[PDB]
Amino acid sequence: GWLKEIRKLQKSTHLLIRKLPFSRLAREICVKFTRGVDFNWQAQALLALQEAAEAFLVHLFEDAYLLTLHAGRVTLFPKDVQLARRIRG
Amino acid sequence: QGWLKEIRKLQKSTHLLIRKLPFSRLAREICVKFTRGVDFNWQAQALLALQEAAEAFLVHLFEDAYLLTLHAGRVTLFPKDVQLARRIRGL
Amino acid sequence: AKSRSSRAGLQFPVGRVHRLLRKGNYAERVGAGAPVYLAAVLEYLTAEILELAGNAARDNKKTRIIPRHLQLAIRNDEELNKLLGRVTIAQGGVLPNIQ
Amino acid sequence: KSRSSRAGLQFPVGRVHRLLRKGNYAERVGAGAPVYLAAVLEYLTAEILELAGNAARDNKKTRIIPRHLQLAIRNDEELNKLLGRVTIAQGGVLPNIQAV
Amino acid sequence: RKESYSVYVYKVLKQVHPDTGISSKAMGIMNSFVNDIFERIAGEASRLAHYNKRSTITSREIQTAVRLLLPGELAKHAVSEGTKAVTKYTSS
Amino acid sequence: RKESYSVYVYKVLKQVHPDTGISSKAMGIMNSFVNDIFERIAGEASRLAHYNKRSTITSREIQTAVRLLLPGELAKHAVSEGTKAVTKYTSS
Amino acid sequence: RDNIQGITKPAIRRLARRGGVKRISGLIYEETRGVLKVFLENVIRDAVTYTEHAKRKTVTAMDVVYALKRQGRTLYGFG
Amino acid sequence: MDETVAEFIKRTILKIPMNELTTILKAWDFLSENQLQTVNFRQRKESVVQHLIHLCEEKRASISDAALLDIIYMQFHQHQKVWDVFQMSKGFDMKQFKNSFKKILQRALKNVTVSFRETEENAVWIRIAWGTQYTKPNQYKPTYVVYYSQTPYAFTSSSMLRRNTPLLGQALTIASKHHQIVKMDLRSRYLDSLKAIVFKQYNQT
DNA sequence: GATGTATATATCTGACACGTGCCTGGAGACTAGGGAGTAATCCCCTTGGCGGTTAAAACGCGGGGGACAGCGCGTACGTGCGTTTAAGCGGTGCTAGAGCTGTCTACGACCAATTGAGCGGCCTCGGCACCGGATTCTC
DNA sequence: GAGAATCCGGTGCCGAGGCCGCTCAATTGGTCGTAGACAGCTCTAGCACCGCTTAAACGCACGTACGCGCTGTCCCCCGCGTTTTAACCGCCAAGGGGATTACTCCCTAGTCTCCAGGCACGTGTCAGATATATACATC
């Protein structure tokens with residue numbers, strides 16, 4: 001079932017989060033930390049944010065899934081993600 | 001009981017939990033194997049410095065690795081826990 | 001005939017920081033107003049951590065600061081724990097933390 | 001007569017010496033240092049690109065793409081410890097599958 | 001002949017506390033504290049003299065280095081105190 | 001007017017491989033590789049000009065920085081290759 | 001109007017399949033939307049500072065590369 | 001006060017050159033001249049505005065006074081923007097016009113910001129900060145309308161934010177005593193050429 | 001055994017390896033002056049060892065405490081499938097914004113005299129560490 | 001409902017803070033080159049938007065694969081008491097080399113001058129991308 005889905009996604013390299021929702025999220029979060037000022041992201045830097053966010057989330061879910069196989073689970077509960085951040089610090 | 005008193009006692013004082021001369025002989029044995037032939041002088045404060053770093057590192061490692069035994073429902077550590085705790089960080 | 005910290009209204013020195021910031025080779029030109037600001041920042045940080053340490057020192061009915069008091073004053077406060085994360089204070093021990 | 005060809009290198013030597021003068025690293029820069037530095041950089045570049053080219057060859061493609069550097073770094077042991085805190089753009093991951 | 005920062009920490013401690021003594025070992029910790037933060041900020045602000053292709057370190061670069069190297073509320077108090085020191089330094 | 005390290009990586013690749021092409025994006029990775037290792041070693045050796053109270057950067061400090069910044073076998077090959085470059089640089 | 005639900009219910013599933021997780025639970029969809037947000041603050045607040053210093057209203061790629069290098073997670077591929 | 005308008009006033013005065021900054025602050029009429037005498041006008045600009053904000057930290061501030069400062073800034077930099085010319089037809093005090101325009105625009109969308117300023121030849125300079133029904137109004141991309149009571153003509157500033165152009169046109173037509181609005185070919189940089197090409201035809205119809 | 005699973009080629013599509021012009025940063029030359037490498041020295045910090053004690057570690061033992069394996073109920077999750085909504089292409093406009101080219105000025109290196117702020121050595125005495133004693137707490 | 005945990009007091013002891021001598025490094029002051037703030041102009045590349053269109057998400061119905069609590073079993077760390085042992089304290093000798101000073105010398109830095117290399121620009125053309133179609137691998 002899922003096994004044809006993993007081995008297709010660990011082969012390709014393209015982005016998974018779509019570009020426009022991530023751009024709207026970045027323009028939302030950026031305007032709170034600059035005292036209500038807009039900015040103008042270059043069209044290259046949003047790719048850098050998105051690549052760092054994808055790499056961080058993929059490494060995070062790999063470590064969380066390494067935690068899930070320890071306790072006999074296969075399912076990835078929210079107890080698992082909030083514990084793989086306090087260990088890493 | 002007993003352990004409930006020992007955790008309260010050892011977390012209060014700030015001593016050295018490892019004896020001096022075995023740790024010093026271990027550090028000298030490791031230092032001999034690199035760039036052989038010559039000996040190496042150690043100042044008496046440097047071995048204390050390295051001992052404080054090693055004790056703080058091992059205490060932080062056990063306190064970090066213990067949280068993967070309450071998570072599995074167990075009470076007791078295992079070498080799987082310590083090796084997984086080093087696997088998470090990247091050391 | 002007149003001190004730099006006395007113009008600065010501070011307690012940390014100014015000429016020593018300026019001497020280190022020239023001799024450290026951080027930049028080939030050092031602005032004049034910089035080390036006064038930097039010494040004020042260092043004074044506020046040391047004042048904050050000693051102000052947090054002395055309360056725990058009087059909490060243990062002591063008047064002489066030992067490193068355990070600095071360990072507790074670092075680890076109990078949130079923002080200093082954010083700052084001094086990867087630092088093992090010598091002769092320090094750990095927090096009382098059970099279960 | 002150029003200092004790149006005089007030492008038998010390929011990386012430049014004058015540019016590295018220019019970046020060590022204007023880099024605010026020490027007040028004086030010797031002459032025996034930047035040739036050593038360019039030699040070490042050339043060895044590391046060849047060390048990466050050999051594995052990258054072999055992994056590109058084994059995928060039957062005549063062009064180097066960042067997935068191939070990702071595979072060559074994460075399959076080598078030494079560069080796993082040298083580059084252990086590095087994300088790579090257009091990267092992907094290793095084919096990691098594990099069961100219970 | 002080998003200087004340190006013991007006297008100044010002692011003066012700050014006698015300022016913000018009446019008679020709280022400090023041992024000769026813990027004072028050493030304070031040396032390795034404030035020979036360290038000065039290594040970060042006045043190191044890292046030097047980096048901001050290199051990305052913008054400058055050659056000076058003014059108060060503005062140290063201000064941005066304090067905005068980076070400290071968490072939120074402590075950074076706000078520090079940047080509020082430093083310019084307060086500078087303004088009474090300027091009108092000497 | 002804004003330099004890079006593309007030509008030299010291309011020359012090394014055509015040296016150790018006959019015709020293996022490299023894309024214009026992955027070459028960019030090589031720029032951010034070797035504008036990075038040079039930031040470490042020639043940064044960190046500068047620190048060894050400060051602990052020993054010196055002011056120069058000779059070949060010996062770069063040699064010790066390579067002994068520190070690299071794992072074992074790669075460091076051994078690098079220190080064996082660098083002095084081999086220096087000795088044929090000296091007798092010019 | 002949702003503003004964080006641009007991260008969808010299967011985009012988290014695609015990231016978990018790339019990570020290699022067989023079966024996601026439920027409230028993960030409400031958890032990851034927290035964590036990502038926190039991480040973006042510790043880039044963007046760290047990246048709006050550098051572009052504030054150089055008197056530029058444009059947040060270039062080099063600024064995000066420098067902020068990610070300062071956080072510890074070095075990014076290569078752009079510049 | 002809030003901690004948003006201070007950045008706006010600081011950015012606006014940083015855009016002002018030192019050649020006429022005292023002219024701007026005397027014409028703006030918001031601080032005491034003793035506090036003008038206190039501020040050093042000889043150090044660099046990256047602390048003069050800090051001292052001026054620290055004057056405005058204590059006494060008074062708003063979004064309206066900052067908007068009026070923005071209006072006076074825009075009135076002396078007409079070489080920068082590019083203007084557009086409108087005209088109404090099919091059909092007087094200005095106070096009822098101000099109230100009608102502000103109420104119609106605040107009934108059209110949720111969040112707008114309107115600001116007026118009186119200028120001779122019966123001129124009014126109208127700064128509009130558009131917004132949505134969920135967000136704050138963007139102060140940094142305004143829209144300026146030069147309106148005259150006598151002539152049915154209005155000078156229009158372009159902006160990044162379109163899609164509110166026919167809304168503003170119909171709201172200003174209903175806000176005035178009119179029914180039609182046009183959009184001529186006249187789009188230029190300098191206001192005096194548009195002034196001449198309107199008034200040579202209007203005064204001599 | 002139909003559903004993947006790998007391969008032939010279609011062509012088409014654009015990146016890219018390459019060729020040229022060209023501006024400027026790297027090489028040649030050489031003086032000069034501080035950095036330092038070598039030489040000597042003397043003390044000072046470390047190493048080695050004698051010896052005696054005393055906490056501290058090693059070792060049997062048994063007993064409860066916990067880990068592990070099976071298991072039943074069930075519920076929260078994957079999947080199939082029609083819809084409907086939002087994301088991408090791509091195209092236009094089009095103007096704020098990087099940047100970069102002069103200028104002139106405040107400003108910080110650079111340097112001679114000079115003196116007190118801070119560093120090294122010393123000497124208590126109160127703070128404190130430890131040892132012994134009197135007042136609570138759960139099984 | 002009494003051995004164990006907490007607070008208290010007395011006494012030695014030893015380092016923390018006050019004090020003096022002093023010296024060298026920080027201050028003051030006058031000089032000059034220049035780094036950078038400041039203004040204005042110019043190309044460019046990012047944002048807003050819109051029409052389409054369509055790929056994917058959304059919502060739901062349902063079957064069922066794990067989550068989890070329970071319970072039985074068996075093994076396996078911890079507390080305890082005895083024996084053994086090496087860590088430590090204090091001393092005493094001695095000596096290897098760490099820190100200091102001198103002195104010459106040499107090697108890198110600065111400035112000038114000359115030109116070969118590395119960068120921006122432009123262009124045919126091969127590498128692959130995706131797409132369709134067809135020969136193997138399999139629960």
# chains A, B, ... in the order shown; residues from 1 in each chain; ligands from 1
call {"tool": "interface_residues", "arguments": {"of": "chain I", "to": "chain E", "cutoff": "12 Å", "atoms": "only C-alpha atoms (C1' of nucleotides)", "output": "list in words"}}
result
residues 107, 108, 117, 118, 119, 120, 126, 127 and 128 of chain I
call {"tool": "write_last_selection", "arguments": {"atoms": "C-alpha atoms (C1' of nucleotides)", "output": "mmCIF file, in the first residue's frame"}}
result
data_model
loop_
_atom_site.group_PDB
_atom_site.id
_atom_site.type_symbol
_atom_site.label_atom_id
_atom_site.label_comp_id
_atom_site.auth_asym_id
_atom_site.auth_seq_id
_atom_site.Cartn_x
_atom_site.Cartn_y
_atom_site.Cartn_z
ATOM 1 C "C1'" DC I 107 36.752 61.486 12.723
ATOM 2 C "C1'" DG I 108 40.070 58.098 14.289
ATOM 3 C "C1'" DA I 117 44.717 53.055 38.621
ATOM 4 C "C1'" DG I 118 45.423 48.723 39.041
ATOM 5 C "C1'" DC I 119 48.619 44.586 39.983
ATOM 6 C "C1'" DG I 120 51.795 41.912 43.313
ATOM 7 C "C1'" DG I 126 34.897 36.504 60.392
ATOM 8 C "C1'" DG I 127 32.519 33.222 57.435
ATOM 9 C "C1'" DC I 128 32.201 28.799 57.038
#
call {"tool": "interface_residues", "arguments": {"of": "chain C", "to": "chain F", "cutoff": "10 Å", "atoms": "only C-alpha atoms", "output": "PDB file with N, CA, C and O atoms, in the first residue's frame"}}
result
ATOM      1  N   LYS C  23      43.848  45.396  19.701  1.00  0.00           N
ATOM      2  CA  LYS C  23      44.869  44.357  19.635  1.00  0.00           C
ATOM      3  C   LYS C  23      44.317  42.987  19.272  1.00  0.00           C
ATOM      4  O   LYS C  23      45.105  42.082  18.983  1.00  0.00           O
ATOM      5  N   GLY C  24      43.005  42.805  19.277  1.00  0.00           N
ATOM      6  CA  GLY C  24      42.464  41.511  18.920  1.00  0.00           C
ATOM      7  C   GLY C  24      42.384  41.236  17.439  1.00  0.00           C
ATOM      8  O   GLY C  24      42.115  40.089  17.064  1.00  0.00           O
ATOM      9  N   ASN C  25      42.629  42.250  16.608  1.00  0.00           N
ATOM     10  CA  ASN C  25      42.447  42.211  15.155  1.00  0.00           C
ATOM     11  C   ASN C  25      41.036  41.766  14.784  1.00  0.00           C
ATOM     12  O   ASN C  25      40.821  40.729  14.160  1.00  0.00           O
TER      13      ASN C  25
END
call {"tool": "residues_around", "arguments": {"residues": "residue E:16", "least_positions_apart": "4", "cutoff": "9 Å", "atoms": "only C-alpha atoms (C1' of nucleotides)", "output": "number ranges by chain"}}
result
C: 47, 50-51; E: 11-12
call {"tool": "residues_around", "arguments": {"residues": "stretch 8-24 of chain G", "least_positions_apart": "5", "cutoff": "8 Å", "atoms": "only C-alpha atoms (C1' of nucleotides)", "output": "list in words"}}
result
residues 2, 5, 6, 9, 10, 16, 17, 54, 57, 58, 59, 61, 62, 65, 74, 75, 76 and 77 of chain A; 93, 96, 97 and 98 of chain D; 29 and 32 of chain G; 77 of chain I
call {"tool": "residues_around", "arguments": {"residues": "residue H:16", "least_positions_apart": "2", "cutoff": "12 Å", "atoms": "only C-alpha atoms (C1' of nucleotides)", "output": "number ranges by chain"}}
result
H: 9-14, 18-25, 45, 48-49, 69-70, 72-74, 76-77; J: 38-39
call {"tool": "closest_atom_pairs", "arguments": {"of": "chain G", "to": "chain I", "cutoff": "9 Å", "atoms": "only C-alpha atoms (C1' of nucleotides)", "output": "CSV"}}
result
residue,atom,partner,partner_atom,distance
G:23,CA,I:77,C1',7.9
G:24,CA,I:77,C1',8.2
G:25,CA,I:77,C1',7.4
G:26,CA,I:76,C1',8.0
G:56,CA,I:98,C1',8.0
G:57,CA,I:97,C1',7.6
G:58,CA,I:97,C1',7.8
call {"tool": "write_last_selection", "arguments": {"atoms": "C-alpha atoms", "output": "PDB file, in the first residue's frame"}}
result
ATOM      1  CA  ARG G  23       1.377   5.598   9.654  1.00  0.00           C
ATOM      2  CA  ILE G  24       0.848   9.125  10.966  1.00  0.00           C
ATOM      3  CA  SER G  25      -1.448   9.635  13.947  1.00  0.00           C
ATOM      4  CA  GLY G  26      -4.117  12.312  14.336  1.00  0.00           C
ATOM      5  CA  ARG G  56      17.891  47.634   2.559  1.00  0.00           C
ATOM      6  CA  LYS G  57      14.174  46.890   2.322  1.00  0.00           C
ATOM      7  CA  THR G  58      15.054  43.805   0.239  1.00  0.00           C
TER       8      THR G  58
END
call {"tool": "residues_around", "arguments": {"residues": "stretch 59-69 of chain C", "least_positions_apart": "2", "cutoff": "10 Å", "atoms": "only C-alpha atoms (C1' of nucleotides)", "output": "PyMOL selection string"}}
result
(chain B and resi 12-14) or (chain C and resi 50+52-57+71-75+89-95) or (chain E and resi 19-29) or (chain I and resi 127-128) or (chain J and resi 16)
call {"tool": "residues_around", "arguments": {"residues": "stretch 31-40 of chain C", "least_positions_apart": "4", "cutoff": "8 Å", "atoms": "only C-alpha atoms (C1' of nucleotides)", "output": "PyMOL selection string"}}
result
(chain C and resi 8+10+12-14+17-18+44) or (chain E and resi 56-59+62+81-83+85-86) or (chain I and resi 108)
call {"tool": "select_by_dssp", "arguments": {"residues": "stretch 149-200 of chain H", "states": "helix (DSSP H, G or I)", "output": "PyMOL selection string"}}
result
chain H and resi 165-175+191-200
call {"tool": "closest_atom_pairs", "arguments": {"of": "chain D", "to": "chain G", "cutoff": "6 Å", "atoms": "only C-alpha atoms", "output": "JSON lines"}}
result
{"residue": "D:85", "atom": "CA", "partner": "G:73", "partner_atom": "CA", "distance": 5.9}
{"residue": "D:86", "atom": "CA", "partner": "G:74", "partner_atom": "CA", "distance": 5.1}
{"residue": "D:87", "atom": "CA", "partner": "G:75", "partner_atom": "CA", "distance": 5.1}
{"residue": "D:88", "atom": "CA", "partner": "G:76", "partner_atom": "CA", "distance": 5.7}
{"residue": "D:89", "atom": "CA", "partner": "G:77", "partner_atom": "CA", "distance": 4.7}
call {"tool": "write_last_selection", "arguments": {"atoms": "N, CA and C atoms", "output": "PDB file, in the first residue's frame"}}
result
ATOM      1  N   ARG D  85      26.700  18.932   9.675  1.00  0.00           N
ATOM      2  CA  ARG D  85      25.707  19.946   9.987  1.00  0.00           C
ATOM      3  C   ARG D  85      25.396  20.749   8.739  1.00  0.00           C
ATOM      4  N   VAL D  86      25.185  20.070   7.619  1.00  0.00           N
ATOM      5  CA  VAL D  86      25.062  20.724   6.323  1.00  0.00           C
ATOM      6  C   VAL D  86      23.781  20.260   5.652  1.00  0.00           C
ATOM      7  N   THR D  87      22.937  21.210   5.275  1.00  0.00           N
ATOM      8  CA  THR D  87      21.834  20.952   4.367  1.00  0.00           C
ATOM      9  C   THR D  87      22.249  21.368   2.964  1.00  0.00           C
ATOM     10  N   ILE D  88      21.765  20.634   1.968  1.00  0.00           N
ATOM     11  CA  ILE D  88      22.130  20.858   0.575  1.00  0.00           C
ATOM     12  C   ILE D  88      20.860  21.130  -0.215  1.00  0.00           C
ATOM     13  N   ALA D  89      20.849  22.231  -0.960  1.00  0.00           N
ATOM     14  CA  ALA D  89      19.701  22.582  -1.779  1.00  0.00           C
ATOM     15  C   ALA D  89      19.530  21.585  -2.915  1.00  0.00           C
TER      16      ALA D  89
END
call {"tool": "interface_residues", "arguments": {"of": "chain A", "to": "chain D", "cutoff": "10 Å", "atoms": "only C-alpha atoms", "output": "count of residues only"}}
result
30
call {"tool": "atom_distance", "arguments": {"atom1": "atom CA of residue H:177", "atom2": "atom CA of residue H:91"}}
result
6.2 Å
call {"tool": "atom_distance", "arguments": {"atom1": "atom CA of residue G:65", "atom2": "atom CA of residue E:34"}}
result
29.2 Å
call {"tool": "closest_atom_pairs", "arguments": {"of": "chain G", "to": "chain H", "cutoff": "12 Å", "atoms": "only C-alpha atoms", "output": "tab-separated table"}}
result
residue	atom	partner	partner_atom	distance
G:1	CA	H:134	CA	7.6
G:2	CA	H:134	CA	10.8
G:3	CA	H:134	CA	11.1
G:52	CA	H:11	CA	11.7
G:53	CA	H:46	CA	11.7
G:55	CA	H:14	CA	10.6
G:57	CA	H:11	CA	11.3
call {"tool": "atom_distance", "arguments": {"atom1": "atom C1' of residue I:93", "atom2": "atom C1' of residue J:48"}}
result
9.3 Å
call {"tool": "closest_atom_pairs", "arguments": {"of": "chain B", "to": "chain C", "cutoff": "7 Å", "atoms": "only C-alpha atoms", "output": "CSV"}}
result
residue,atom,partner,partner_atom,distance
B:11,CA,C:96,CA,6.0
B:14,CA,C:93,CA,5.1
B:52,CA,C:90,CA,6.4
B:56,CA,C:88,CA,6.6
